[PDB]
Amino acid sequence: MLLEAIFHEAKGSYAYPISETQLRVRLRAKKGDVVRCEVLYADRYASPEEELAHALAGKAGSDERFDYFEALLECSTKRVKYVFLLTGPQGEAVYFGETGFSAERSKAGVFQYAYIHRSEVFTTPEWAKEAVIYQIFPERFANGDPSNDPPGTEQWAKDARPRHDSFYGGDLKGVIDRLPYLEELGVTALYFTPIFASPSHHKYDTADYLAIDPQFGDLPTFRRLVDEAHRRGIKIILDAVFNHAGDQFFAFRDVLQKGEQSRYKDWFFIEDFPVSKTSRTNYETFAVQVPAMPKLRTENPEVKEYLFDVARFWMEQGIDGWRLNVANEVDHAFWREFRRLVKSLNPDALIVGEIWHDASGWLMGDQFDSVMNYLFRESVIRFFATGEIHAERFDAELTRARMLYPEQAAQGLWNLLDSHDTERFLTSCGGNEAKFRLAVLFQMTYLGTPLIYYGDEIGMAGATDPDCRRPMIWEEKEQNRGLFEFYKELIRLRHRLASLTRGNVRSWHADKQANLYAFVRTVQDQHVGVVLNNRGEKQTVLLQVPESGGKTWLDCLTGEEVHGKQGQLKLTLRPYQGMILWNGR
């Protein structure tokens, strides 16, 4: 076996506790190199003559080039030292510990997870595990109050083509009026983009953190929205823009007026007063040269305190969590303290960071509960929309991404198809509803938390920002109701099958040729197999089905009963058809 490809570390995503006395450990090796991975462990202060505990690590998955082995160590002492025993296809074996590799156990040394502190057990809100989030971009969802529309508001139509500066009049009253629609859809939480006072249509350039934007409503209206959503089983998640403020933020206004004399100059990153010759801003902003968004010095204890007060204030209004804007650009300490603040105020308040790349550094348990899973989106785009990758590659990307973070984070990752910053998924699919639906079937059944971008459920399309922010289509005749019912059915199923919300995931079948992909969600004895025929042709496949897991399944989408013969299951799928096979347990 290639030792150069074997890896483990007693931290991060390769070793972390799932309870005060249980440690999950993982190990990767070149794919196919290891057939058996066992862990020999004991208390860190155990005498050398003491017997060692054994734990067999099962193969939790395989990506492009590695196999991932996973085991659970029972550590009643909460302190553990361990070594791996790896066996190859031909029986060759080697011990692997902190010191290195050796045929002699003691020479391999031992990895050590010093101590398991209860406070360090990554814990997320239970509800977040089985939730289906719906993203609402307020200026474009529903205009329930035409009297607060910004000046220049354009007419609400299906052929509307917005510009970066357009306004359509969407507001919070509109959201309230449409709660029956969201409730019928079955969503259990709403993620709102910024709703605080701001002169723009997107509101990411904050004028006042303590006020609902006038064109969206007021405090009383927001509170009514929170209460009405809650009674309909719908939670509220607000967008926290803590990386940067708007040029109209009171502290910045003071800087523009008093220059180096303002008491708030250190709340920002300023280079040379006068505060501005704007084309070449003399203060750091979000991205490049964006005068409206001066970056906040969150490292400044004063800035932090102010923002923490803002969070406290809104949480006092009954919200259920936060989506953190450009979260990877404010400091880690700020986030560790934020989590402590948030969880101390509401143990069930959800913290979701907005990071598009590998966010493992923020997902170890001391900061965010989850992140907007843009890498999940990349795989889905690649496999279902563009067809850049085949089923086996798709399987590998999914598995590799899943192994990047501890299971607690993976379990609640926000799996979106698109957002207000991308083109709509339908468009990515080139208008092919068949491709779109199979992707949605995957979104609704894969491991993680589904996030729906407003309008996708009724067939809206659009290029990226600002075209992805077209006013919501409310005319029934203009809505794709067939799609709407499809979403409704998938959402009801997700709520009915515990496997889909609290189960693990294992690849079932992956054939690069037929481009058919299948996985199994498991919890207890329940198994739900999802089969995806991502091809424009009718195909038949043979899936392996050991009788120990059942020999009869019910396709929950059609009611058809399928049966396995001698450990094999023959399925025939129409083009782009997906099946959700429940094993009746």
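Each residue number is its position in the shown sequence, starting from 1.
Higher-B stretch (mean Cα B-factor, as the entry records it), 252-260 or 414-422: Averaged over C-alpha atoms, the B-factors run higher in 252-260.
269-277 versus 471-479 - greater average Cα B-factor per the deposited record: According to the entry, 269-277 carries the higher average C-alpha B-factor.
C-alpha B-factor winner, where the candidates are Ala93, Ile136, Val132, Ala207: Top of the list by C-alpha B-factor: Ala93.
Candidate residues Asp456, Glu388, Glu228, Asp239, the one whose C-alpha B factor the record puts highest: So the option with the highest C-alpha B-factor is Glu388.
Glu485, C-alpha B-factor rank within chain (lowest, middle or highest third): Tercile = middle for this residue's CA B-factor.
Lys512 by Cα B-factor - lowest, middle or highest third of the modelled chain: For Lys512, the deposited C-alpha B-factor lands in the highest third.
B-factor third for the C-alpha atom of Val520 within its chain: Ranked within chain, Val520 CA B lands in the lowest tercile.
Relative C-alpha B-factor of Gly109, binned into the chain's lowest, middle or highest third: As the PDB entry reports it, the C-alpha B-factor of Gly109 lands in the middle third of its chain.
Assigned third (lowest, middle, highest) for the C-alpha B factor of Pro89: For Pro89, the deposited C-alpha B-factor lands in the highest third.
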